[PDB]
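Listed below, chain by chain, are the residues.
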Amino acid sequence: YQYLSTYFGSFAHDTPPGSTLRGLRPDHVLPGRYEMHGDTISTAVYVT
Amino acid sequence: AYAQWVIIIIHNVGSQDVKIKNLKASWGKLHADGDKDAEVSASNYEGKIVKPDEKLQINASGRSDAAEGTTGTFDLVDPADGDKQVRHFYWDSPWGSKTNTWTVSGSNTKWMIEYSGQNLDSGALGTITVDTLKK
Amino acid sequence: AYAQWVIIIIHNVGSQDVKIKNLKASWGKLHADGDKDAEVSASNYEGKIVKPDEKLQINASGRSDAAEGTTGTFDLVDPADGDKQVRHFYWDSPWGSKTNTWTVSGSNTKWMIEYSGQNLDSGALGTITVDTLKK
Amino acid sequence: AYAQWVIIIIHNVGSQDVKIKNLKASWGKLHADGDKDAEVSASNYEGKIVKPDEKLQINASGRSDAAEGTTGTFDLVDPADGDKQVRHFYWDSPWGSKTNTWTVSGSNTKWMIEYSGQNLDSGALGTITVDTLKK
Amino acid sequence: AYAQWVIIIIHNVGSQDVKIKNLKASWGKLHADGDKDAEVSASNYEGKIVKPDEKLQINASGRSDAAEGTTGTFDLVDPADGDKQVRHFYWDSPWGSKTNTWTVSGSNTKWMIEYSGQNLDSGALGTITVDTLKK
Amino acid sequence: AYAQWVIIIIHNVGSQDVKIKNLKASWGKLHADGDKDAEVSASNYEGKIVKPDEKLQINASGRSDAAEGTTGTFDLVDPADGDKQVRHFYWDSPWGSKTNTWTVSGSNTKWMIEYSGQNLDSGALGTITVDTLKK
Amino acid sequence: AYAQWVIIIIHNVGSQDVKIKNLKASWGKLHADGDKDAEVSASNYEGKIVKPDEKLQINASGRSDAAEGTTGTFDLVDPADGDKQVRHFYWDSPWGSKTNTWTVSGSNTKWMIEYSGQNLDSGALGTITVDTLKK
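Shown numbers run from 1 along every chain as its sequence is written, which may differ from how the entry numbers residues; residues without coordinates are omitted from display. Chain letters start at A and ligand numbers start at 1, both assigned in the order the entries are written. Values throughout apply to the visible chains only, these chains being members of a larger assembly. Processing note: side-chain calculations cover all non-hydrogen atoms of the structure and skip hydrogens and water entirely.

Per the PDB record, the structure was determined using cryo-EM to 2.47 Å resolution.

See the structure below:
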């Protein structure tokens, strides 16, 4: 299975909002295209 | 000698503050970045807080062309629980020996600490990068 | 001589493969990490693919007590673009001359290369981390 | 010497104006096209605007038969946003060394700059063609 | 000697193929780009087809420390017209004589050839870009 | 000399396998338990799997009356994680120098290693029990 | 001499109290942990109770640089049945002989005693660990 985003913070297994984050069956997703932001690798984020 | 040097890069890979305490160089001197001539006192780093997702660099080196290495210690301490110790770091890049020492002692189950880049065989102690993360 | 040494850590932070080519140590010798005695051949890295998030270490240093330093060159190329050159890297830590040299050349525009950690004043060249990314 | 020379051709491959600023030769002299004897002051090029789809040539060379190379710098600056820097160009074709220097520093994400034709091994610095394009 | 060198960049700006023939370095040696030590044979370029928008580089220079300069000839011919000669190119950067020589001969009228960048006063011949187009 | 000796008892207290690798006695010789005369080869332990609750003994000592001490190195690695290094162990009981040396290096974080029983002042290095566990 | 030494670790692997009695070193001296200079009287251990699941260490060694080994005895006694004997332990690491002696005499079917780590061939007597169990 797969999930569509990276977590910006500490992923909480048992408390919200981390308790409700879910991944998807592979047939639910198709490959996307990135869209980079930020001048430097330290602050580079893709907008899929 | 300047040939005995060490760079210690504290890099917060977590999301909680970490403090540097009790930084003390018994042998050698702390100095500026890329400038072994610009000596800096330990007060520049003691008590400083390394905010998450940024790095703090500590540069130590022996006296100029001397028969003296660089030996020092510091504590990394979590300020969120009354400045308890995370780990105690000790480095020793001597001038009259081959075996450099890099010891990370102490215990704190709430923190995970990794380090890489050190050289203990012979020569300088190198650039040690230490990634800290509060779990 | 072992006093002159260099470590190069290529880190493919990007999401597409990057290939090493034309690795050649004109002076000194390559060796396995932590063991300057354990010499290795350039073929152990030639043509290697650095997958995304993978790190590859190349360790070079002078020979046993010889008056030579170390010097070498290699290329990063893009396997997905017909091995089009990304960058050309040259390193030199001489035994006689005090100043070192770390040069990155090339004009590939769909790549970002960032190198850090080199020492150019005196002593060994040190450890250089080279983060690579494809736009 | 005249053997140390460099030609810098700024070629606008886009559709926006670009300006040359702070052109200064610390060593050597700017001269005319195909005429190393006709010295020209930097005022002939400083402040000039390279209109899109045309080329501007800057010729630098060392003093006649001297033990002096040619070292200089200039800025390429976008006039559309209050003369901010596009890139900073530095060239060095020394007489008493083999390694020529051609550095393009600075950052401007709104501009793309390519360059080709330089020689850094030995001898003259050659004819460097720099294509500038505003995105 | 390496002080005498020449680079020829044939650029087929047109829309039909052009072929190299009879490439011959009567003096000095050809070599790979950026490496005057890496000698190459004339067969690596003989009979090659320069497709439209393609660029082909030929690098020649004197041998190792020899008192020779460099001298060579080649032909551009039209593969689509029974290898009819387009142009005849001759280059010479002598070590003894100061003046260089770059000569283009021929009378093919359905082709446009434009060469630029040569130096004829003293020193190396330099870099010559030759744009080719078929009417 | 037999006066310098070391025994290493690896005890896998954990519940997953641990593998020995790169076992090498640079000085002295390995031997079977209770018989310093019965020399054994490093291949008798190389690549061995220490199952959970199993104990593995490695006995090293100096040769017959020679002025050498003993010195060796090995690695604990995780067979279930692509032979990823767990720890690097170095032992040295010199005949000339009085002080011994027992060094454990590495940064594997999913493992706990606890060594006890070494003697570092004078005489033989002694018996060292190394309890290993995987988190 | 200090080269003649023995460490005796009584480790209660059961759930019943065991007492040490009649500890007496006829030759040599009892000393502190890792400190052969800090002599300690036998009163520090005589009458002590080794609680289940913890270890008590007895360190004996010969006089400093003397021609004297270390010879001693003690009783392990069950206090639950009026201080009857479990086993009688005798150790002898002489200076003028090769054969060290480690004798565990006596009979008590209600107790099971194991011991390991002793060396009787030559040199020191080593670190003997004795696991005590009440069935």
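There is more to say, and it comes next.
Q: Would you explain the overall build of chain A in this entry?
A: Helix and strand content of chain A: zero helices and two strands. Principal-axis analysis of the C-alpha atoms gives chain A an extent of 35 × 30 × 10 Å. Per-residue accessibility, obtained with a 1.4 Å probe over protein chains only, is compared with the maximum for each type, and a residue is labelled buried under 20%, exposed over 50%, and partly exposed between these values. When each of the 48 residues of chain A is scored for burial, the buried share is 6%. Shrake-Rupley sampling with a 1.4 Å probe provides the accessible areas, and residues are treated as covered by the protein chains on show and by no other component. Carbon and sulfur atoms form 56% of the exposed surface of chain A, whose accessible area is close to 4500 Å². Think of it this way: any DSSP run of H or I at least four residues long counts as a helix, any run of E at least two long counts as a strand, and we number them from the N terminus.

Q: Just to check I follow, could you spell out the sheet that holds strand β7 (residues 70–78) of chain F for this structure?
A: Residue and element names in this part refer to chain F. Two strands make a pair as long as DSSP finds a minimum of two bridges between them. The antiparallel open sheet is built from five strands, whose spatial order is β5-β2-β7-β8-β9. Both outer strands of the open sheet, β5 (49–50) and β9 (101–105), are each paired with one neighbouring strand and no more. As paired elements, strand β8 (residues 84–93) and β9 share five bridges and run antiparallel to each other. The partner of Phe 89 across the bridge, within β9, is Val 104.

Q: What exactly am I supposed to notice about the interface of chain A and chain C here?
A: Interface size is commonly expressed as the accessible area that is lost once the parts come together. Note on contacts: a residue pair qualifies if any of its non-hydrogen atoms lie within 4.5 Å across the two residues. Taken together, the six residues of chain A in the interface contact eight residues of chain C. Buried area between chain A and chain C, both sides added, is near 530 Å², and the carbon and sulfur share of it is 73%. It is A:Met36, A:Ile41 and A:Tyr46 in chain A that bury the most area against chain C; as a group they hold 78% of the surface buried on that side. Any N or O atom pair separated by 3.5 Å or less is treated as a polar contact, with the protein-specific requirement of one donor-capable and one acceptor-capable atom, and with residues adjacent in sequence counted only for side-chain atom pairs. Put simply, chain A and chain C have zero residue pairs in polar contact between them. Along the lines of polarity and charge, the residues of the side of chain A that touches chain C split into four nonpolar, one polar and one charged. In short, buried area is how much 1.4 Å probe accessible area vanishes from two parts on joining, totalled over both. Nonpolar residues are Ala, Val, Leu, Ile, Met, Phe, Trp, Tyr, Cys and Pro. Charged residues are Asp, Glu, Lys and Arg, and all others, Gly as well, are polar.

Q: What is the right way to read the packing of aromatic side chains from this model?
A: Think of it this way: a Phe, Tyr or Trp ring, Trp meaning its six-membered ring, pairs with another when their centres are within 6.5 Å, and the plane angle makes it stacked under 30 degrees, edge-to-face over 60, tilted otherwise. A complete count under the given rule lists 26 aromatic pairs over all chains for this structure. Ring geometry for C:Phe89 versus C:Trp102: centroids 5.7 Å apart, planes at 35°, classification tilted. Note that C:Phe89 is positioned in strand β8 (residues 84–93) and C:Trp102 in strand β9 (residues 101–105), a separation of 13 residues in sequence. The pair formed by C:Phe89 and C:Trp102 is uniform in burial state, with each residue classed as buried. Centre to centre, the rings of D:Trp102 and D:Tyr115 are 6.2 Å apart; their planes meet at 75°, and the pair counts as edge-to-face. Remark: D:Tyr115 occurs in strand β10 (residues 111–116) and D:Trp102 occurs in strand β9 (residues 101–105); sequence separation between them is 13 residues. Given a relative accessible area of 8%, D:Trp102 falls into the buried group. Overall, the relative accessible area of 21% leaves D:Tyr115 in the partly exposed class.

Q: Even after reading the chapter, I still don't get the pairing of strand β6 (residues 55–61) of chain B, so can you show me in this structure?
A: Along any regular strand, the residues point their side chains to alternate faces of the sheet. Residues and elements named next belong to chain B. Taking burial as the measure, the seven residues of β6 include five buried ones, the bulk of the element. Where strand β3 (residues 29–32) meets β6, three bridges bridge the pair, whose relative direction is antiparallel. Counterpart to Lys 29 in the pairing with β6 is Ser 61.

Q: Please explain a negative patch on the surface as it appears in this structure.
A: Where like charges cluster on the molecular surface, the negative patch consists of B:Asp121, C:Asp33, C:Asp35 and C:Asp37. Topologically, C:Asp33 is positioned in the loop between β3 (29–32) and β4 (35–39). Note that patches include only residues with greater than 30% relative accessible area and no salt bridge, and the join distances are 9 Å for like charges and 5 Å for nonpolar side chains (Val, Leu, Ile, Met, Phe, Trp, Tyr). Put simply, a salt bridge is a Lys or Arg side-chain nitrogen that is within 4 Å of an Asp or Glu carboxyl oxygen. Under the counting rule used here, the positive set is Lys and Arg, the negative set is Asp and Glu, and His together with the chain ends is not counted. To locate a charge, the coordinates of NZ of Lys, CZ of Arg, CG of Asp or CD of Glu are taken.

Q: What am I meant to see in the sheet that holds β9(C) here?
A: Two orientations exist for strands paired in a sheet by backbone hydrogen bonds: parallel and antiparallel. All names here are of chain C. The five strands lie next to each other as β5-β2-β7-β8-β9, forming an open sheet whose pairing is antiparallel. Single-partner strands in this sheet number two, and they are β5 (49–50) and β9. Alignment of strand β2 (residues 18–27) against β5, held across two bridges, turns out to be antiparallel. For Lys 19, the partnering residue across the bridge sits in β5 and is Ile 49.

Q: Looking at this model, I keep getting lost on the environment of C:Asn22. Mind explaining?
A: All names here are of chain C. Mapped onto the elements, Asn 22 comes out in strand β2. The exposure class assigned to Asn 22 is partly exposed, which follows from its relative accessible area of 41%. The residues touching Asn 22, leaving out its near neighbours within four places in the chain, are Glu 46, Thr 73, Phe 74 and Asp 75. In terms of polar contacts, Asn 22 uses its side chain to reach the side chain of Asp 75, at 2.8 Å.

Q: Any chance you could explain the pattern of salt bridges here in plain terms?
A: Side chains that differ in sign of charge can pair as their charged atoms come close. Residue and element names in this part refer to chain B. Tallied over the full model, the rule gives 25 salt bridges over all chains. Across the salt bridge formed by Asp 81 and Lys 110, the nearest N and O atoms sit 3.8 Å from each other. Of this pair, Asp 81 sits in the loop between β7 (70–78) and β8 (84–93) while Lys 110 sits in the loop between β9 (101–105) and β10 (111–116); the two residues are 29 residues apart in sequence, bridging distant segments of the chain. Judged by relative accessible area, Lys 110 falls into the partly exposed class, the value being 41%.

Q: Help me out: how do you make sense of unusual backbone geometry in this one?
A: Trans peptide bonds make up most of the peptide bonds, and negative phi angles are found at most residues other than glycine. Of note, the bond from A:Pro16 into A:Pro17 is cis; its omega dihedral lies within 30 degrees of zero at 0°. With respect to the helices and strands, the residue A:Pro17 is situated in the segment before β1 (36–37). For D:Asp83, which is not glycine, the phi torsion reads 55° and is therefore positive. With respect to the helices and strands, the residue D:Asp83 is situated in the loop between β7 (70–78) and β8 (84–93). Note on D:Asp83: relative accessible area 31%, which makes it partly exposed. Here E:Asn22, not a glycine, exhibits a phi torsion of approximately 55°, which is positive.

Q: Hey, could you run me through the arrangement of the chains in this one?
A: Across the seven pairs of chains that are in contact, the largest number of contacts falls between chains A and C. Separated without contact, chain C and chain E have their nearest C-alpha atoms at a distance of 11 Å. Regarding chain E and chain F, which are not in contact, the minimum distance between any of their C-alpha atoms is 41 Å.

Q: Could you clarify how one ought to interpret a nonpolar patch on the surface in this entry?
A: Together, A:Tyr7, A:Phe11 and A:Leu21 line one region of the surface with nonpolar side chains, adding up to about 290 Å² of accessible area. As for its position among the elements, A:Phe11 is in the segment before β1.

Q: Explain the side chain of D:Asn12 to me, please; I cannot follow it from the model alone.
A: Residue and element names in this part refer to chain D. Relative to the elements of secondary structure, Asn 12 occurs in strand β1 (residues 5–12). You can call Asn 12 buried: its relative accessible area is 1%. In terms of polar contacts, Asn 12 uses its side chain to reach the backbone carbonyl oxygen of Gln 16, at 2.8 Å. Within the structure, the side chain of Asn 12 is placed 3.2 Å from the backbone oxygen of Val 50, a separation counted as a polar contact. Beyond its immediate chain neighbours, meaning those up to four positions away, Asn 12 contacts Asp 17, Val 18, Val 50, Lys 51, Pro 52, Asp 53, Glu 54 and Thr 132.

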